[PDB]
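Okay, here's what each chain looks like letter by letter:
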Amino acid sequence: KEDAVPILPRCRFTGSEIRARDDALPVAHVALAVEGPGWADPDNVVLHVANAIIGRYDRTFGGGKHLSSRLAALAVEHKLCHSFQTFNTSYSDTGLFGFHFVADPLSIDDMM
Amino acid sequence: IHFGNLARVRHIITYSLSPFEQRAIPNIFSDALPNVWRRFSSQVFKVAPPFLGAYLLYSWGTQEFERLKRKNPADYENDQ
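Residues numbered from 1 in each chain as written, not as in the entry; some residues may be left out. Chains lettered and ligands numbered in written order. Part of a larger assembly, values for the part shown. Heavy atoms only, no water.

The record lists X-ray crystallography as the method behind this PDB entry and 2.84 Å as its resolution.

Going by what the PDB entry lists, chain B is known as Mitochondrial ubiquinol-cytochrome c reductase ubiquinone-binding protein qp-c and is assigned to Gallus gallus. What the PDB entry is called, per its title line, is "Cytochrome BC1 complex from chicken with azoxystrobin bound". Checking UniProt for chain B, the heading Subcellular location (unreviewed entry) contains the comment "Mitochondrion inner membrane". Per its UniProt entry, chain B bears the Function (unreviewed entry) comment "Component of the ubiquinol-cytochrome c oxidoreductase, a multisubunit transmembrane complex that is part of the mitochondrial electron transport chain which drives oxidative phosphorylation. The complex plays an important role in the uptake of multiple carbon sources present in different host niches." (UniProt positions renumbered as here; feature names shortened; annotations may be inferred.)

The name recorded for chain A in the PDB entry is Mitochondrial ubiquinol-cytochrome-c reductase complex core protein i, from Gallus gallus.

Structure follows, in structure tokens:
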């Protein structure tokens, strides 16, 4: 028993949402993700390449409107958000592939 | 632009499931029907009465009308 590594019970993913609303906060945060494959899967390599195409942004990127990331360009052109990031958080048996962004109340919709 | 200018809301959390993770018509017997009955019960004595009253008036008036069409034997009892 002492030298056997314990296998953890699997965690069920659920398409769903949780909305914590507080209009008194200056900017809104939104994260959206689908279930990932987990460390061992080779696809994680492709997923990361994918996230690279979309990439990330934040009002201090100098590239501004010329950034190669389409989403980044749009965010700039239309003042869509203060920032956004893609991620591919892995775990043993599962993971989270998604993106998170920070925007002003009135631009959440376009950004999303 | 009507979304984002509606109300000043604070401290409310809501949890929701995708439609594909749940059932469309859940707990028909434990929740649905009971409530249907509850809803029916709570309204029946507010709606029914005047409709029942209308019905009566209708029946009376319909019968009272046909009755006035029949002949009263008391108009021919001395027509020899």
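We are not done yet, so read on.
## Concerning the side chain of A:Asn44
Residues and elements named next belong to chain A. One can find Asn 44 in helix α1 (residues 43-54). Taking relative accessible area as the criterion, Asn 44 reaches 6% and is therefore assigned buried. Engagement of the side chain of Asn 44 in a polar contact is seen with the backbone oxygen of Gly 38, the distance being 3.0 Å. If sequence neighbours within four positions are ignored, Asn 44 has contacts with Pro 37, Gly 38, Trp 39, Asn 88 and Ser 90. (Helix = DSSP H or I, 4+ residues; strand = E, 2+ residues; numbered from the N terminus. Buried < 20%, exposed > 50% of the residue type's maximum accessible area, 1.4 Å probe, protein only. Polar contact = N/O pair within 3.5 Å; in protein donor to acceptor, adjacent residues only side chain to side chain. Contact = heavy atoms within 4.5 Å.)

## Quick notes on the layout of surface pockets
In this structure, the largest pocket encloses a volume near 1,700 Å³. Around the largest pocket sit 39 residues that line it, and A:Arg19, A:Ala28, A:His29, A:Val30 and A:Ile108 are the ones nearest its centre. Those elements giving two or more residues to the lining of the largest pocket turn out to be β1 (16-22), β2 (28-35) and α3 (108-111) of chain A together with β1 (10-17) of chain B. Its residues assigned to classes, the lining of the largest pocket comprises 22 nonpolar, 8 polar and 9 charged. (1 Å grid on protein atoms, 1.4 Å probe; cavity = no way out; pocket = protein on both sides within 12 Å on 5 of 7 lines; lining within 4 Å. Points joined across faces, edges and corners; volume = space filled by probe spheres on them. Nonpolar A, V, L, I, M, F, W, Y, C, P; charged D, E, K, R; others polar.)

## Quick word on α1(A)
For α1(A), spanning 12 residues, the distance from its first C-alpha to its last is 17 Å, which sits close to the expected 16 Å at 1.5 Å a residue. Where α1(A) ends, the next residue or the one after it, A:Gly55, has phi of about 70°, a positive value. (Expected span 1.5 Å × (residues − 1).)

## Considerations on helix α2 (residues 70-77) of chain A
Residue and element names in this part refer to chain A. Inspection of α2 places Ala 72, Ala 75 and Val 76 among the buried residues, and these make up the whole buried set. The arc enclosing the buried residues of α2, seen along the axis, measures out at 100°, which places them on a common side. For α2, the exposed residues set more than 90 degrees away from the buried face come down to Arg 70 and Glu 77. Check the buried side of α2 and you find it contacts β3 (56-58) and β4 (83-90). Phi turns positive one or two residues past the end of α2, at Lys 79, with a value near 45°. (Arc of directions from axis to C-beta.)

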